[PDB]
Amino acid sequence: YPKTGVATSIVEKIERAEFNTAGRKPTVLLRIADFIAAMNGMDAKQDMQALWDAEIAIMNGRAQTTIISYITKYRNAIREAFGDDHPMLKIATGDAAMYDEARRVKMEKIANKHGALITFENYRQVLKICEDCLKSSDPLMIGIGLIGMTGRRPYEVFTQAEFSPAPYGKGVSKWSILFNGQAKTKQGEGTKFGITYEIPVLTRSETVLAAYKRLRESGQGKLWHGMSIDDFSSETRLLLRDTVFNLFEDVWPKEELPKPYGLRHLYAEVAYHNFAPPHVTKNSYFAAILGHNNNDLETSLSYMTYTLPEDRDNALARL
């Protein structure tokens, strides 16, 4: 197995950081680069274990959550420099107890949400705003609108989504499009990786598609296209965050602040409300439209966040 290599992306990041004139020092990326370098020429498992142990020692005061993320960064770096068969991958791991606890925390949060759904009282207004965004000349605005209307993830919409018209007999679907470019997935059976699949839309599909090509043909849309996730975050995350804060500050439910992924939650809640066939559970429908693996009903649980006021009324009406 390779006893030498470099994590190219990390060092490119550091080298780009060499010319900043503002901002935090890239301490973490640095530690990761040093780590990978020190690893060069290492052959003994106890040496590897020692090195990792020092790294884990440094991460001490961080949040459990932060530590899991960081561990992912180191593991991806090792994997990039030395490949998949490097014994350090058996060693640079988190404790099972830590992963287990993260899971417990998460499921508890979700359970808490399921017993106290937030009533999205002004959701029609939110969707209206998103429809209006589809006509803006600012491609960020169009992007947001497309989030609301298609429920695609921001990274998907801005960097890789392929929206297409969807058939319906001999005609074209008014309320559904074809989508390719599912993120957070990898090649496999039952996976939507590189799969084109049909998704409902919350305004006319023509409108959506037109707004999309306008996004893709713009200047900023040309930068965005095919970008990596790190690049995407750096270029757009804070601006998108702020714009969304502002756009929905008045209409969003009081229980939470307006965030981009909010739109993906609402979308699922709205599409189910409007389009769900009768022989299918809410879990199944959500998993279907959100691009989840074939037999995964559990990720859908994360998205049951809101109650639409019509349903709140109707349920209250008994008795």
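For every residue, the number given is its place in the sequence shown, counted from 1.
Just going by the entry, 148 to 156 versus 85 to 93 on mean CA temperature factor gives the higher value to 85 to 93.
Stretches compared: 172 to 180, 73 to 81. Higher mean C-alpha B-factor in the entry: 172 to 180. In the deposited coordinates, the residue among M304, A17, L308, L297 with the greatest CA B-factor is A17.
When the C-alpha B factors of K192, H114, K128, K135 are read from the deposited coordinates, the top value falls at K135. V244: CA B factor lies in the middle third for its chain, per the PDB record. Ranked against the other modelled residues of its chain, the C-alpha B-factor of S284 as given in the entry falls in the lowest third.
Among all modelled residues in this chain, the alpha-carbon of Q220 has a temperature factor (C-alpha) in the highest third. Ranked by Cα temperature factor within the chain, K213 sits in the highest third according to the deposited record.
Per the deposited record, the Cα B-factor of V105 falls in the lowest third when ranked against the other modelled residues of its chain.
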